[PDB]
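**Q** Sharing a structure with you now.
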Amino acid sequence: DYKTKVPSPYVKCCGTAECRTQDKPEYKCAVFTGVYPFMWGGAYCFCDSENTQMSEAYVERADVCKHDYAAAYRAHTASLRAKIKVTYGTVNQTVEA
Amino acid sequence: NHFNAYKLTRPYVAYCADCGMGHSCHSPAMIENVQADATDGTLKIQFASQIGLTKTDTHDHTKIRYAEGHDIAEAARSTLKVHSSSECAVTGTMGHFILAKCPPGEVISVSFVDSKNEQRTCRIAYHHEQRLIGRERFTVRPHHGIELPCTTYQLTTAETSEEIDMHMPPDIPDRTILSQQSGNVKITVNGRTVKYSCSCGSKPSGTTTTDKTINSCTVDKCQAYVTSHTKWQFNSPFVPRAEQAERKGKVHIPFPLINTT
Amino acid sequence: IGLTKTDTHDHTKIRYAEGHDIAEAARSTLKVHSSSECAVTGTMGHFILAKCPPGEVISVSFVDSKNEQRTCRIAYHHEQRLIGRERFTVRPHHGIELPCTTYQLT
Amino acid sequence: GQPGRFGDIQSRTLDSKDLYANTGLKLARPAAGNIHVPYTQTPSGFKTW
Ligand SMILES: *[C@@H]1O[C@H](CO)[C@@H](O[C@@H]2O[C@H](CO)[C@@H](O[C@@H]3O[C@H](CO[C@H]4O[C@H](CO)[C@@H](O)[C@H](O)[C@@H]4O)[C@@H](O)[C@H](O[C@H]4O[C@H](CO)[C@@H](O)[C@H](O)[C@@H]4O)[C@@H]3O)[C@H](O)[C@H]2NC(C)=O)[C@H](O)[C@H]1NC(C)=O
Ligand SMILES: *[C]1O[C]([C][O])[C](O[C]2O[C]([C][O])[C](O3[C]4O[C]([C][O])[C]([O])[C]([O])[C@]43[O])[C]([O])[C]2[N]C([C])=O)[C]([O])[C]1[N]C([C])=O
């Protein structure tokens with residue numbers, strides 16, 4: 001199973017950011033204009049028309065599947081082993097071969 | 001006993017989707033997710049406030065910690081509840097994480113009473129269907145029969161090899177600073193560090209701690225901020241970050257799952 | 001609810017009839033529950049509105065000064081409505097805004 | 001990596017530091033007021049299987 005790690009959405013008021021990429025699985029950058037974040041303290045910043053929000057997220061292998069997982073194999077020819085009983089009156093042995 | 005690992009950790013208040021009904025107040029009862037990657041049926045719920053540690057960093061059994069008005073307060077654990085459709089019992093309380101077993105349903109929720117004697121709750125959509133083991137469809141552990149292999153969580157409250165990261169609160173907006181005069185503003189009442197900023201352009205932002213006067217403008221021009229940290233927080237996706245984008249702190253994920261019957 | 005014998009606005013106490021006198025009792029022991037423990041949201045006068053999960057019954061129980069839990073139940077075929085085209089059970093944190101009809105707390 | 005069929009995440013061993021994914025991930029603009037990260041994704045294929 002996978003997981004969606006989402007770091008914090010750094011918001012810049014009356015400015016703009018530039019997201020330098022990362023060698024990572026599906027590092028996805030998105031920059032939005034025209035935001036008005038309204039948190040507990042009234043507004044977060046004080047500006048009206050140049051606000052930008054940065055949201056970044058990536059997809060990563062979950063932490064528990066070190067113990068459960070499916071594994072696909074290619075499957076080729078096999079071998080054969082046997083176990084026999086060899087009783088002929090004189091002492092009866094068992095054998096694997 | 002010692003296990004300390006936490007000395008710089010502070011709760012937060014985040015946003016949620018229900019607060020009893022409809023009005024989605026930014027509440028102290030965030031739920032980040034519900035991990036259900038075990039096999040018995042239990043749920044490992046991680047929520048906003050943290051439990052087990054008192055105000056100034058000491059191991060407790062029955063007192064819990066939480067936040068209100070960006071200052072620290074406490075409550076009790078014996079008055080906390082978790083349920084989905086019917087009241088289900090908690091099975092373990094440690095640090096920042098809730099641990100329980102619970103019947104099916106389509107919602108999960110946590111609640112506890114406030115130090116102002118209230119009943120703050122929080123609900124969040126999540127589907128929990130009874131995952132079955134063996135070739136039967138039971139619901140309760142019987143007394144006669146056979147057993148089968150299965151994974152579950154262990155109550156060892158100090159164990160390594162899993163973690164989340166920690167950051168610091170960026171800055172806390174407010175307009176509710178003691179700043180009022182007839183044509184002027186009065187520029188603090190506080191006990192901590194503050195960064196002020198405005199747009200009546202004669203003086204830039206600064207890091208004052210004593211009172212000032214800006215003598216000029218009506219109050220709907222300046223907005224104030226709490227500033228640099230004393231402790232750390234969790235990089236929850238619901239509060240922004242400052243320009244210190246790092247991985248300063250990190251903290252145990254307790255209860256590693258192990259083979260059982 | 002809300003009215004002690006002498007006219008006042010108490011947010012906690014409730015007036016009822018026993019022995020055709022006028023006895024008080026607080027809201028800190030009033031619960032409603034149909035299929036789970038229901039959750040009240042707004043309490044005024046001679047009516048009570050609340051959200052709570054669907055089922056077949058409904059209940060009111062509050063406790064008197066002699067500490068008994070008098071209650072009454074009735075049958076009612078309440079079930080979850082279908083707004084839009086995806087039958088949820090819990091409001092999510094992002095979606096589409098739609099016309100519905102709710103109650104006002106004034 | 002057909003998103004939502006068997007094994008939309010793939011790893012060449014238990015502990016390789018590189019991996020591959022085609023989860024079908026996109027982003028959307030938030031609402032008025034709420035600060036969060038609206039992300040649209042196909043749900044898991046493995047948990048489906
Ligand atoms: C429930 O119980 C199961 C048992 O079936 C547990 O599975 C075991 O988990 C351990 C922990 O990782 C596994 O141990 C590791 O196994 C890897 C795979 O084993 C290969 O190599 C061994 C050599 O001993 C062969 O026998 C086997 O056929 C495989 O080819 C190894 O790669 C790991 O080790 C490397 O380093 C160590 C030294 O550190 C060397 O000794 C190894 O040789 C190797 O070079 C490590 O040994 C174990 O294999 C798992 N069992 C099985 C059958 O695979 C589950 O983990 C448990 N549940 C939970 C939740 O823990
Ligand atoms: C040798 O030879 C013989 C013949 O005789 C044989 O045998 C027989 O066989 C059988 C089978 O196995 C046996 O049996 C046994 O025992 C057991 C114990 O436990 C049981 O369980 C079973 O059931 C059975 O019975 C018999 O015994 C015999 N007989 C005699 C011996 O007599 C054998 O096998 C051979 N081998 C050897 C080693 O002996």
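Residue numbering restarts at 1 for every chain of the structure tokens, chains are lettered A, B, ... in their displayed order, and ligands are numbered from 1 as they appear.
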Excluding region 187-203 of chain B and any residue of its chain fewer than 4 positions from it, enumerate the residues within 8 Å of it, using only C-alpha atoms, and give them as a PDB file with N, CA, C and O atoms, in the first residue's frame.
**A**
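Written output follows (selection19.pdb):
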```pdb
ATOM      1  N   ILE B 177      -4.934  42.875  19.868  1.00  0.00           N
ATOM      2  CA  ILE B 177      -3.849  43.428  20.665  1.00  0.00           C
ATOM      3  C   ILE B 177      -4.333  44.757  21.221  1.00  0.00           C
ATOM      4  O   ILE B 177      -5.132  45.451  20.584  1.00  0.00           O
ATOM      5  N   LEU B 178      -3.861  45.113  22.420  1.00  0.00           N
ATOM      6  CA  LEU B 178      -4.383  46.290  23.123  1.00  0.00           C
ATOM      7  C   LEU B 178      -3.853  47.556  22.452  1.00  0.00           C
ATOM      8  O   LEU B 178      -2.955  48.241  22.947  1.00  0.00           O
ATOM      9  N   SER B 179      -4.450  47.865  21.292  1.00  0.00           N
ATOM     10  CA  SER B 179      -4.001  48.923  20.383  1.00  0.00           C
ATOM     11  C   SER B 179      -5.181  49.815  20.036  1.00  0.00           C
ATOM     12  O   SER B 179      -5.882  49.571  19.052  1.00  0.00           O
ATOM     13  N   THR B 207      10.675  43.886  15.924  1.00  0.00           N
ATOM     14  CA  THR B 207      10.540  42.778  16.857  1.00  0.00           C
ATOM     15  C   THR B 207      10.425  43.321  18.270  1.00  0.00           C
ATOM     16  O   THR B 207      11.126  42.872  19.181  1.00  0.00           O
ATOM     17  N   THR B 208       9.546  44.301  18.448  1.00  0.00           N
ATOM     18  CA  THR B 208       9.400  44.987  19.720  1.00  0.00           C
ATOM     19  C   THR B 208       8.734  44.090  20.757  1.00  0.00           C
ATOM     20  O   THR B 208       7.984  43.165  20.431  1.00  0.00           O
ATOM     21  N   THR B 209       9.020  44.382  22.022  1.00  0.00           N
ATOM     22  CA  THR B 209       8.363  43.732  23.147  1.00  0.00           C
ATOM     23  C   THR B 209       7.732  44.703  24.128  1.00  0.00           C
ATOM     24  O   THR B 209       6.854  44.288  24.892  1.00  0.00           O
ATOM     25  N   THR B 210       8.141  45.966  24.138  1.00  0.00           N
ATOM     26  CA  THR B 210       7.504  46.990  24.947  1.00  0.00           C
ATOM     27  C   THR B 210       6.507  47.772  24.103  1.00  0.00           C
ATOM     28  O   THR B 210       6.467  47.668  22.874  1.00  0.00           O
ATOM     29  N   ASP B 211       5.694  48.568  24.786  1.00  0.00           N
ATOM     30  CA  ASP B 211       4.646  49.318  24.119  1.00  0.00           C
ATOM     31  C   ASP B 211       5.244  50.410  23.237  1.00  0.00           C
ATOM     32  O   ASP B 211       6.368  50.870  23.448  1.00  0.00           O
ATOM     33  N   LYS B 212       4.482  50.804  22.221  1.00  0.00           N
ATOM     34  CA  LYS B 212       4.838  51.911  21.349  1.00  0.00           C
ATOM     35  C   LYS B 212       3.563  52.673  21.004  1.00  0.00           C
ATOM     36  O   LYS B 212       2.471  52.356  21.490  1.00  0.00           O
ATOM     37  N   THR B 213       3.710  53.701  20.174  1.00  0.00           N
ATOM     38  CA  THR B 213       2.593  54.435  19.598  1.00  0.00           C
ATOM     39  C   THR B 213       2.925  54.714  18.142  1.00  0.00           C
ATOM     40  O   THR B 213       4.080  54.994  17.810  1.00  0.00           O
ATOM     41  N   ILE B 214       1.946  54.564  17.255  1.00  0.00           N
ATOM     42  CA  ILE B 214       2.216  54.782  15.841  1.00  0.00           C
ATOM     43  C   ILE B 214       1.444  55.994  15.348  1.00  0.00           C
ATOM     44  O   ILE B 214       1.592  56.408  14.193  1.00  0.00           O
ATOM     45  N   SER B 216      -0.827  57.488  14.031  1.00  0.00           N
ATOM     46  CA  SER B 216      -1.227  57.952  12.707  1.00  0.00           C
ATOM     47  C   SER B 216      -2.600  57.495  12.240  1.00  0.00           C
ATOM     48  O   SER B 216      -3.415  58.320  11.806  1.00  0.00           O
ATOM     49  N   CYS B 217      -2.889  56.202  12.324  1.00  0.00           N
ATOM     50  CA  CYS B 217      -3.896  55.604  11.464  1.00  0.00           C
ATOM     51  C   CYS B 217      -4.931  54.861  12.291  1.00  0.00           C
ATOM     52  O   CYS B 217      -4.688  54.487  13.442  1.00  0.00           O
ATOM     53  N   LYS B 221      -5.573  48.954   9.702  1.00  0.00           N
ATOM     54  CA  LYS B 221      -4.381  49.020   8.866  1.00  0.00           C
ATOM     55  C   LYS B 221      -3.275  48.091   9.337  1.00  0.00           C
ATOM     56  O   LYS B 221      -2.609  47.468   8.511  1.00  0.00           O
ATOM     57  N   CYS B 222      -3.084  47.967  10.645  1.00  0.00           N
ATOM     58  CA  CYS B 222      -2.007  47.178  11.217  1.00  0.00           C
ATOM     59  C   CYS B 222      -2.545  45.830  11.675  1.00  0.00           C
ATOM     60  O   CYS B 222      -3.663  45.737  12.188  1.00  0.00           O
ATOM     61  N   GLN B 223      -1.745  44.788  11.484  1.00  0.00           N
ATOM     62  CA  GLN B 223      -2.036  43.471  12.025  1.00  0.00           C
ATOM     63  C   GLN B 223      -0.783  42.947  12.712  1.00  0.00           C
ATOM     64  O   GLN B 223       0.332  43.129  12.212  1.00  0.00           O
ATOM     65  N   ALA B 224      -0.970  42.295  13.852  1.00  0.00           N
ATOM     66  CA  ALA B 224       0.134  41.860  14.690  1.00  0.00           C
ATOM     67  C   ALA B 224       0.323  40.354  14.594  1.00  0.00           C
ATOM     68  O   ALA B 224      -0.520  39.625  14.063  1.00  0.00           O
ATOM     69  N   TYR B 225       1.458  39.898  15.122  1.00  0.00           N
ATOM     70  CA  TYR B 225       1.840  38.496  15.066  1.00  0.00           C
ATOM     71  C   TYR B 225       2.634  38.102  16.302  1.00  0.00           C
ATOM     72  O   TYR B 225       3.505  38.846  16.759  1.00  0.00           O
ATOM     73  N   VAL B 226       2.334  36.915  16.828  1.00  0.00           N
ATOM     74  CA  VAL B 226       3.262  36.232  17.715  1.00  0.00           C
ATOM     75  C   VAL B 226       4.414  35.692  16.870  1.00  0.00           C
ATOM     76  O   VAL B 226       4.238  35.363  15.691  1.00  0.00           O
ATOM     77  N   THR B 227       5.597  35.590  17.464  1.00  0.00           N
ATOM     78  CA  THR B 227       6.825  35.346  16.715  1.00  0.00           C
ATOM     79  C   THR B 227       7.665  34.340  17.495  1.00  0.00           C
ATOM     80  O   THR B 227       7.157  33.673  18.402  1.00  0.00           O
ATOM     81  N   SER B 228       8.958  34.276  17.152  1.00  0.00           N
ATOM     82  CA  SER B 228       9.775  33.063  17.149  1.00  0.00           C
ATOM     83  C   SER B 228       9.628  32.212  18.405  1.00  0.00           C
ATOM     84  O   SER B 228       9.410  32.705  19.515  1.00  0.00           O
TER      85      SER B 228
END
```
**Q** Ligand 1: which residues are within 6 Å, counting only C-alpha atoms and all ligand atoms, as a PyMOL selection string?
**A** (chain A and resi 67) or (chain B and resi 257-259)
**Q** Write the residues of the preceding selection, restricted to N, CA, C and O atoms, as a short mmCIF file (atom, residue, chain, number, x, y, z; two decimals), in the first residue's frame.
**A**
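The result, stored in result_17.cif:
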```cif
data_model
loop_
_atom_site.label_atom_id
_atom_site.label_comp_id
_atom_site.auth_asym_id
_atom_site.auth_seq_id
_atom_site.Cartn_x
_atom_site.Cartn_y
_atom_site.Cartn_z
N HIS A 67 6.27 -5.78 6.30
CA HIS A 67 5.89 -7.03 6.93
C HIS A 67 4.74 -7.72 6.20
O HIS A 67 4.61 -8.95 6.27
N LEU B 257 3.64 -3.28 15.38
CA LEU B 257 2.83 -4.48 15.24
C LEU B 257 3.71 -5.72 15.11
O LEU B 257 4.77 -5.68 14.49
N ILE B 258 3.26 -6.83 15.71
CA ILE B 258 4.03 -8.06 15.78
C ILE B 258 3.12 -9.27 15.59
O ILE B 258 1.91 -9.22 15.82
N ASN B 259 3.73 -10.38 15.16
CA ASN B 259 3.01 -11.63 14.98
C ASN B 259 2.43 -12.13 16.29
O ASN B 259 3.10 -12.13 17.33
#
```
**Q** To one decimal place, how far is CA of residue 28 (chain B) from CA of residue 98 (chain B) in Å?
**A** 15.0 Å
**Q** Need to verify the contact set: residue 19 (chain D), 8 Å, only C-alpha atoms, exclusion of same-chain residues closer than 2 positions in sequence. Can you return it as a VMD selection string?
**A** (chain A and resid 25) or (chain D and resid 9 to 12 16 to 17 21)
**Q** Keeping only N, CA, C and O atoms, write the selected residues to a file as a PDB file, in the first residue's frame.
**A**
```
ATOM      1  N   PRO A  25       9.478  10.628  -6.156  1.00  0.00           N
ATOM      2  CA  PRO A  25       8.364  10.053  -6.921  1.00  0.00           C
ATOM      3  C   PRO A  25       7.160  10.971  -7.011  1.00  0.00           C
ATOM      4  O   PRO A  25       6.475  11.209  -6.011  1.00  0.00           O
TER       5      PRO A  25
ATOM      6  N   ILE D   9       1.761   0.670  -7.249  1.00  0.00           N
ATOM      7  CA  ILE D   9       3.076   0.982  -6.711  1.00  0.00           C
ATOM      8  C   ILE D   9       3.940  -0.250  -6.912  1.00  0.00           C
ATOM      9  O   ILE D   9       3.455  -1.378  -6.790  1.00  0.00           O
ATOM     10  N   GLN D  10       5.207  -0.040  -7.252  1.00  0.00           N
ATOM     11  CA  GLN D  10       6.105  -1.149  -7.526  1.00  0.00           C
ATOM     12  C   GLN D  10       7.463  -0.878  -6.903  1.00  0.00           C
ATOM     13  O   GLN D  10       7.940   0.258  -6.906  1.00  0.00           O
ATOM     14  N   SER D  11       8.079  -1.931  -6.376  1.00  0.00           N
ATOM     15  CA  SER D  11       9.393  -1.849  -5.763  1.00  0.00           C
ATOM     16  C   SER D  11      10.181  -3.091  -6.136  1.00  0.00           C
ATOM     17  O   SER D  11       9.642  -4.200  -6.120  1.00  0.00           O
ATOM     18  N   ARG D  12      11.459  -2.910  -6.470  1.00  0.00           N
ATOM     19  CA  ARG D  12      12.222  -4.044  -6.971  1.00  0.00           C
ATOM     20  C   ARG D  12      12.790  -4.912  -5.859  1.00  0.00           C
ATOM     21  O   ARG D  12      13.278  -6.007  -6.151  1.00  0.00           O
ATOM     22  N   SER D  16      14.871  -1.105  -1.443  1.00  0.00           N
ATOM     23  CA  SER D  16      15.516  -0.205  -2.389  1.00  0.00           C
ATOM     24  C   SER D  16      15.085   1.227  -2.110  1.00  0.00           C
ATOM     25  O   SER D  16      13.941   1.484  -1.729  1.00  0.00           O
ATOM     26  N   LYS D  17      16.011   2.163  -2.282  1.00  0.00           N
ATOM     27  CA  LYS D  17      15.741   3.563  -1.995  1.00  0.00           C
ATOM     28  C   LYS D  17      15.094   4.294  -3.160  1.00  0.00           C
ATOM     29  O   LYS D  17      14.881   5.507  -3.073  1.00  0.00           O
ATOM     30  N   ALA D  21       5.728   4.884  -9.176  1.00  0.00           N
ATOM     31  CA  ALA D  21       4.320   5.026  -8.844  1.00  0.00           C
ATOM     32  C   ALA D  21       3.602   5.757  -9.967  1.00  0.00           C
ATOM     33  O   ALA D  21       4.186   6.611 -10.634  1.00  0.00           O
TER      34      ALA D  21
END
```
**Q** Could you tell me which of D:34, D:43, D:26, D:49 comes closest to chain B if we count only C-alpha atoms?
**A**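 Counting only C-alpha atoms, the residue closest to chain B is D:34.
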**Q** Within 12 Å of residue 28 (chain A), counting only C-alpha atoms, which residues show up once you throw out same-chain ones fewer than 6 positions away? Write them as a PyMOL selection string, please.
**A** (chain A and resi 4-7+19-22+54-59) or (chain D and resi 23-28+39)
**Q** Once you count only C-alpha atoms and all ligand atoms, which residues end up within 6 Å of ligand 2, and could you hand them over as number ranges by chain?
**A** A: 87, 92-93
**Q** For the residues selected in the previous step, produce a file with C-alpha atoms as a CSV table (one decimal), in the first residue's frame.
**A**
```
chain,number,residue,atom,x,y,z
A,87,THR,CA,10.8,-53.1,3.1
A,92,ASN,CA,13.3,-51.7,6.6
A,93,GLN,CA,14.8,-48.3,6.0
```
**Q** Just need the residues of chain A within 12 Å of chain D, counting only C-alpha atoms, so spit them out as a PyMOL selection string.
**A** chain A and resi 1-11+23-44+52-73
**Q** Using only C-alpha atoms and a cut-off of 10 Å, which residues of chain B sit close to chain A? Please list them as JSON, numbers by chain.
**A** {"B": [13, 14, 15, 25, 26, 27, 37, 38, 69, 151, 161, 162, 163, 165, 167, 170, 171, 172, 173, 174, 175, 176, 197, 198, 199, 220, 221, 222, 223, 224, 225, 234, 235, 236, 237, 238, 239, 240, 241, 242, 243, 245, 256, 257, 258, 259]}
**Q** Residues within 6 Å of residue 30 (chain C), please, as a list in words. Count only C-alpha atoms; anything in the same chain fewer than 3 positions from it doesn't count.
**A**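 Once the adjacent positions are removed, what remains is residues 27, 61 and 62 of chain C.
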**Q** Selection from above, N, CA, C and O atoms, as a PDB file, in the first residue's frame, can you write it?
**A**
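Result went into out37.pdb, see below:
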```
ATOM      1  N   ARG C  27     -30.745  21.002  32.447  1.00  0.00           N
ATOM      2  CA  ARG C  27     -30.472  20.331  31.178  1.00  0.00           C
ATOM      3  C   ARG C  27     -29.232  19.455  31.220  1.00  0.00           C
ATOM      4  O   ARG C  27     -29.013  18.676  30.285  1.00  0.00           O
ATOM      5  N   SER C  61     -35.244  11.678  27.558  1.00  0.00           N
ATOM      6  CA  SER C  61     -35.109  11.255  28.947  1.00  0.00           C
ATOM      7  C   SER C  61     -34.325  12.308  29.716  1.00  0.00           C
ATOM      8  O   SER C  61     -33.165  12.578  29.395  1.00  0.00           O
ATOM      9  N   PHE C  62     -34.948  12.886  30.738  1.00  0.00           N
ATOM     10  CA  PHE C  62     -34.237  13.721  31.689  1.00  0.00           C
ATOM     11  C   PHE C  62     -34.670  13.326  33.095  1.00  0.00           C
ATOM     12  O   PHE C  62     -35.693  12.669  33.291  1.00  0.00           O
TER      13      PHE C  62
END
```
**Q** Identify every residue of chain C that has at least one atom within 8 Å of any atom of chain B, counting only C-alpha atoms, and report the result as a list in words.
**A**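 Close enough to count are residues 36, 37, 39, 41, 51, 89, 90, 91, 92 and 93 of chain C.
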**Q** In Å, how far is it from CA of residue 12 (chain C) to CA of residue 119 (chain B)?
**A**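 Between CA of residue 12 (chain C) and CA of residue 119 (chain B) the gap is 14.7 Å.
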**Q** Residues of chain C within 10 Å of chain D, counting only C-alpha atoms, what are they? List them as a JSON list (two decimals) with N, CA, C and O atoms, in the first residue's frame.
**A**
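Below you can see result.json, which holds the result:
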```
[["chain", "number", "residue", "atom", "x", "y", "z"],
["C", 93, "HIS", "N", -14.41, 17.69, 3.80],
["C", 93, "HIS", "CA", -13.80, 19.00, 3.95],
["C", 93, "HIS", "C", -13.60, 19.75, 2.63],
["C", 93, "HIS", "O", -12.98, 20.82, 2.63],
["C", 94, "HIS", "N", -14.12, 19.23, 1.51],
["C", 94, "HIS", "CA", -14.14, 20.00, 0.27],
["C", 94, "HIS", "C", -15.13, 19.36, -0.69],
["C", 94, "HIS", "O", -15.19, 18.14, -0.80],
["C", 95, "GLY", "N", -15.90, 20.19, -1.39],
["C", 95, "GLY", "CA", -16.83, 19.68, -2.37],
["C", 95, "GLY", "C", -17.53, 20.75, -3.19],
["C", 95, "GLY", "O", -16.92, 21.74, -3.60],
["C", 96, "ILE", "N", -18.83, 20.56, -3.43],
["C", 96, "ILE", "CA", -19.62, 21.49, -4.23],
["C", 96, "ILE", "C", -20.77, 22.00, -3.37],
["C", 96, "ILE", "O", -21.39, 21.23, -2.63]]
```
**Q** Please return, as an NGL selection string, all residues of chain D that DSSP assigns to strand (DSSP E or B) on the basis of the backbone.
**A** :D and (9-10 or 20-21 or 25-27 or 33 or 39-41)
**Q** Figure out the distance between CA of residue 50 (chain B) and CA of residue 72 (chain B), please, to one decimal in Å.
**A**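 The value is 11.7 Å.
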